[PDB]
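Student: quick one, structure for this:
(chains A, B and C, ligands or ions: 8)
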Amino acid sequence: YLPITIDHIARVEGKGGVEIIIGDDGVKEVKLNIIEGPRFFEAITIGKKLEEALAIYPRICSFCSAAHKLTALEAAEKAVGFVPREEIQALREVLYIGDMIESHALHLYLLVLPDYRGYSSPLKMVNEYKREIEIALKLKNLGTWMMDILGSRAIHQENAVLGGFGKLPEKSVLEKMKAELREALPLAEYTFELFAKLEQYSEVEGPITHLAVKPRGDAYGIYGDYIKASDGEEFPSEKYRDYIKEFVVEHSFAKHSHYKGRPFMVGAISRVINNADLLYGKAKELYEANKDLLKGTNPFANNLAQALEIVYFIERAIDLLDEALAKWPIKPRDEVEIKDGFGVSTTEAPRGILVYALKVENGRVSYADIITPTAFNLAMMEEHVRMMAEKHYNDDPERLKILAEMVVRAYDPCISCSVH
Amino acid sequence: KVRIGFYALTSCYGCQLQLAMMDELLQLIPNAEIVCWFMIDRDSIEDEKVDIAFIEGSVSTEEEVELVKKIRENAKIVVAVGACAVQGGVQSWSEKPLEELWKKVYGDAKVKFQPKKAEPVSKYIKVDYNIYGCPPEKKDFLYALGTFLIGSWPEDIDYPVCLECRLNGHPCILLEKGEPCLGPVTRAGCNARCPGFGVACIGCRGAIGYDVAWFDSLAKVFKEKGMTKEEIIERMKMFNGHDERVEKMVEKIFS
Amino acid sequence: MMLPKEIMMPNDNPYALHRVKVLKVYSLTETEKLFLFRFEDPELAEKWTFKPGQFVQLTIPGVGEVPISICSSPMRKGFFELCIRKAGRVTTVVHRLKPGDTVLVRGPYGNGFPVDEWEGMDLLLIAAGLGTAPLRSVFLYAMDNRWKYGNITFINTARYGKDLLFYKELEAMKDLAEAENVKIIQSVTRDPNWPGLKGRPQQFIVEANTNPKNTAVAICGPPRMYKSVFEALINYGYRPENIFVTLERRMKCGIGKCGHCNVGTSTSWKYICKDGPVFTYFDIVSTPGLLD
Ligand SMILES: Cc1cc2nc3c(=O)[nH]c(=O)nc-3n(C[C@H](O)[C@H](O)[C@H](O)COP(=O)(O)OP(=O)(O)OC[C@H]3O[C@@H](n4cnc5c(N)ncnc54)[C@H](O)[C@@H]3O)c2cc1C
Ligand SMILES: NC(=O)c1ccc[n+]([C@@H]2O[C@H](COP(=O)([O-])OP(=O)(O)OC[C@H]3O[C@@H](n4cnc5c(N)ncnc54)[C@H](OP(=O)(O)O)[C@@H]3O)[C@@H](O)[C@H]2O)c1
Ligand code: NFU
Ligand code: SF4
Ligand code: SF4
Ligand code: SF4
Ligand code: FES
Ligand SMILES: [Mg+2]
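Tutor: Numbering: from 1, shown residues only, chains lettered A, B, ... in the order given. Ligands and ions are numbered 1, 2, ... in the order given. The structure is reproduced below:
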């Protein structure tokens, strides 16, 4: 017959398209067409000055601009042999938590909520689900205001400089930020309940290899030096290309990734599965209560894991703000002298593991390698869409299209970071 | 009702995200009918008659040139949003040809999709109005949308970031630390964010049009503080990579 | 004029705007419309008087405000007229105004032609292009007060024959004007196929019916014609103390604060909204840069 094609996928970051190649024996082939243009960030930054090249890395995507900026700062500081102070690292973690809060709330409420609630746009949900949109806006505004205070803006933060910040806010602003996080914790609880009420489709049940970062310190977090797996093994961050293979498929501008010859998953659910025992507080209480839903076999648990991570990161940000306030006043930035080196930083983005490998030669970037969470997740996305489509084969085309789109949106895909 | 369509070229979706995160966008729904915006809407049709078209991103695919020609056919007003649509963005920082970058990034492999070097939307169609920034400010979107809703059009900006830097009382980084601030030649509207946070401007909003962007004077100021010609040219071409004025004006002062 | 509490509001705010309504719209040329206005406040409408040559600030709500000269006579009380050419944003919005719409006006501003000290002497008015409207105000004031002024002449010129301002009114007025000591001369410059007169105003100054030693001269138009008109007027014997011209610069307020309508040099620094727009011949002669 003819393939069932979605030319443009909506409520998904970036330009993409699914292609379900139908056949006699159910589904025959699934291609994830990535038509977002290549920007060659790994090549346009080569030979550019380090400080100027770091300012354009967050332009890969807007949903995780702070992720790119802070991972690039970590890579550059590792390359130049610089160690940030503890309070500066805490403030950077607060900024990253703001990015995670904004991205997760935005995803959950404006991209995977309307298709569960029977709409085609969150702008059509203003009169019926008023309270849900109100709490969505409050969480998004909290994340955006944290990023506005710490970084220069919510998108493409400029206050995050090499060795710290250009200007740090006053103490009262940090106290207000802590108070607003305390006020937003009940909103995180309501979000977790609302997304626990939803459904994990059984058509996509299968064994998943979950890769996540091992946190630095003794708490669930974002910065790490080791990458864990659901198979139990763990490898150093700098040795990522010994165990992860990047190959180019003839249907997308992105590089698919394989782990021991098999697709794998990174994201919030992988984070929960790998580092569940490191949770503390209301997050640990909620995880212990709802461990039945958070099985590392269904890709649709990712949304609930995102809600749980919002709940965790609000309290984590409160604690980090307390740690930073214990050392007031803070000098905004340390003098960094650019020696040659090679730094690989694997910080955990809102959508999975972000790998930044930067080599510095005479104050300039000579080698750039970026592997993004969506590039990690694309192969598993293809496999799970294949099983979903074979489960819903020969049905009405509209129902197959919407269910495949829901499966794709469960992975919170950022097509822009795939191509970088 | 004004029919508004937001279209995505090769972009980071920062401009669409900035428009989506505005609380005043809820006021646009009763006054304007959103036709094409795939980020928020799913019932959006690409080939439809729109009163005002907002285009985001650079032209880095042949399919994108076909799309922008179609948009110019289908729109009464075409507005270029962001530095990617206005001046090619940071993707046009490198002057290296497409095959070199392709070999460096993707190796010797085929994708079956045709890419091209980043170019502004104004190269392939006629953009009536521009919205500057990376991402553009919420105030820029508010002013543009409001003036379009009243039936007027936004006023183009021909004043530098230094105006808003001096209105806010920010210390001048170029006078104190000698940092390479591109503010004196960059369009205002950002309220001097980077100089207010102690950082130097990188010219995200773009260089002033109407031939009143003085790269030669700024290059002389940079040269007095110990910068080579190529450093100044790269700094100025970070976001102005499709500007023919920069090379000529800097080579004049370094000759 | 010096209207109190209506030019600066009881709130003492000089930027305060008055509500006016557009009653008649009339297309003079393609890029030209004549608007008839009245104030929605009846007392303000009956009390608002101006001077010939003064201008007003027309605030279209939400777009901006522009300075427009008043073309109707101040003795036509209750109503005033504005002639507006479509040059850009604000005027594009203005040209969409249909009768019965409400727009905001403050004024009058500047100094007009000194028509009070022109008593008992001839009038020569030289209008080029869009400068007909302030001279239309002066001409209609003279026609309403015919016993006060002697022989009057009105020279109106334009680039093309279709761009002549108030061609219908002045052509209809010519009869009984020739018998009423009024001469109307209308000429074109870039149209060699125009049936009527052709040439620049300096050619038609010799055809005037005014006594050169007792004539007040009011010139309005582009600044580039002023030098040639001055040469022609000086050659024919018109006294330099009686020659008056109008100048235009960028205006944002009209009260003297925004500093955009600046002319002159460090020796004589002046502002159009506060020292003009009507300037004397010796002011134009003394400081260069006021022309072009
Ligand atoms: C004393 C005086 C009398 C005038 N009388 C008339 C008249 O009778 N009829 C007529 O059609 N025009 C007249 N003008 C010109 C009129 O003000 C301009 O046409 C108008 O301001 C420009 O509108 P725009 O939409 O093109 O503005 P834009 O070109 O979009 O510019 C925006 C702003 O520029 C300023 N500006 C632009 N041109 C002028 C100008 N020439 N003078 C002052 N400010 C300007 C205004 O503040 C305006 O809001 C007069 C100007 C002055 C100074
Ligand atoms: N509204 C008022 O009361 C008032 C008062 C003062 C000033 N103004 C301003 O004056 C302008 C009015 O003129 P415009 O712009 O409409 O002019 P225009 O028609 O575009 O050009 C000037 C006209 O005057 C002719 N002309 C005659 N003698 C000339 C000379 N010596 N040098 C140059 N041209 C001469 C020109 O002939 P050529 O084409 O061959 O040059 C042309 O016909 C407007 O800017 C108006 O706002 C208005
Ligand atoms: N989360 C997340 Fe990103 Ni827009 C991906 N893939 C980069 O950090
Ligand atoms: S102009 Fe800036 S914010 Fe807008 S799409 Fe391009 S990179 Fe993103
Ligand atoms: S810091 Fe930059 S933008 Fe601010 S005044 Fe100085 S040069 Fe201008
Ligand atoms: S200061 Fe320069 S780089 Fe910073 S936001 Fe403003 S225009 Fe953009
Ligand atoms: S118009 Fe503002 S100073 Fe005259
Ligand atoms: Mg890569």
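Student: got the phi/psi numbers for the residue of the stretch 51-200 of chain A found nearest ligand 2?
Tutor: The minimum distance from the stretch 51-200 of chain A to ligand 2, using Cβ to the nearest ligand atom, falls at residue A:153 (44.0 Å). All C-beta atoms are positioned from the backbone trio N, CA, C, and that covers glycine. Dihedral pair for residue A:153: phi -150, psi 180, per degrees, to the nearest 10.
Student: you'd agree it is up against residue B:191?
Tutor: No. Contact criterion Cβ atoms under 8 Å: residue A:153 and residue B:191 do not qualify, at 10.7 Å.
Student: of those two, who's got more company?
Tutor: Ranked by neighbour count (other Cβ atoms under 10 Å in any protein chain shown), residue A:153 and residue B:191 place residue A:153 first, with 21 against 15.
Student: need the contact list for the residue in the stretch 51-200 of chain B positioned nearest to ligand 2.
Tutor: At 21.0 Å from ligand 2, residue B:155 is the closest residue in the stretch 51-200 of chain B, using Cβ to the nearest ligand atom. Residue B:155 makes contact with residue C:89, according to Cβ atoms under 8 Å, 6 or more residues apart in numbering or on different chains.
Student: and it, what element?
Tutor: Following DSSP states H and E, one finds residue B:155 outside all helices and strands.
Student: please see if stretch C:196-213 touches ligand 2.
Tutor: Yes. Against ligand 2, stretch C:196-213 shows contacts by Cβ under 6 Å from any ligand atom at C:200-201.
Student: just how off-centre is that stretch within its chain?
Tutor: For stretch C:196-213, the separation from the chain centroid amounts to 20 Å (computed by Cα atoms, centre = their mean, to the nearest Å).
Student: where's the residue of the stretch 301-420 of chain A found nearest ligand 2, which helix or strand?
Tutor: With Cβ to the nearest ligand atom, the shortest gap between the stretch 301-420 of chain A and ligand 2 falls at residue A:416, namely 50.9 Å. Assignment of secondary structure by DSSP H and E places residue A:416 within helix A:415-419.
Student: tally of neighbours for residue B:111?
Tutor: Number of residues near residue B:111 (other Cβ under 10 Å) recorded here: 17.
Student: next one: residue A:291
Tutor: Using other Cβ under 10 Å, residue A:291 has 11 other residues around it.
Student: quick one: secondary structure of it?
Tutor: State at residue A:291, reduced to three classes by DSSP: H, G, I helix; E, B strand; the rest coil: coil.
Student: can you report phi and psi for it?
Tutor: phi -60, psi -30.
Student: cool, residue C:271 as well?
Tutor: Dihedral angles for residue C:271 - degrees, to the nearest 10 - are phi -120, psi 140.
Student: how about the helices in the chain?
Tutor: Here I'm looking at chain A. A:41-44, A:50-54, A:65-79, A:86-110, A:130-150, A:171-196, A:240-243, A:268-275, A:282-289, A:302-325, A:373-391, A:397-410, A:415-419 (DSSP state H).
Student: actually chain B
Tutor: Assigned by DSSP H, chain B shows helices spanning B:14-20, B:25-31, B:62-74, B:82-87, B:98-106, B:138-150, B:161-167, B:173-176, B:193-196, B:215-224, B:229-236, B:244-253.
Student: how many neighbours does whichever residue of chain A sits closest to chain C have?
Tutor: With Cβ to the nearest Cβ as the measure, residue A:123 is the residue of chain A nearest to chain C, at 25.2 Å. When counting by other Cβ under 10 Å, one arrives at 19 neighbours for residue A:123.
Student: what of the one 4 residues further on?
Tutor: Per other Cβ under 10 Å, the neighbour tally for residue A:127 reads 7.
Student: one step back: what about the residue of the stretch 301-420 of chain A closest to ligand 2, neighbour count?
Tutor: Using other Cβ under 10 Å, residue A:416 has 30 neighbouring residues.
Student: got the helices of chain B as JSON lines, with distance to residue A:143 and mean neighbour count columns?
Tutor: Converted to JSON lines, these look like this (distance: least, Cβ to Cβ, whole Å; neighbours: other Cβ atoms under 10 Å in any protein chain shown):
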{"stretch": "helix B:14-20", "distance to residue A:143": "12", "mean neighbour count": "25"}
{"stretch": "helix B:25-31", "distance to residue A:143": "17", "mean neighbour count": "14"}
{"stretch": "helix B:62-74", "distance to residue A:143": "31", "mean neighbour count": "17"}
{"stretch": "helix B:82-87", "distance to residue A:143": "22", "mean neighbour count": "30"}
{"stretch": "helix B:98-106", "distance to residue A:143": "32", "mean neighbour count": "16"}
{"stretch": "helix B:138-150", "distance to residue A:143": "16", "mean neighbour count": "18"}
{"stretch": "helix B:161-167", "distance to residue A:143": "26", "mean neighbour count": "19"}
{"stretch": "helix B:173-176", "distance to residue A:143": "29", "mean neighbour count": "14"}
{"stretch": "helix B:193-196", "distance to residue A:143": "18", "mean neighbour count": "24"}
{"stretch": "helix B:215-224", "distance to residue A:143": "37", "mean neighbour count": "18"}
{"stretch": "helix B:229-236", "distance to residue A:143": "32", "mean neighbour count": "19"}
{"stretch": "helix B:244-253", "distance to residue A:143": "37", "mean neighbour count": "16"}
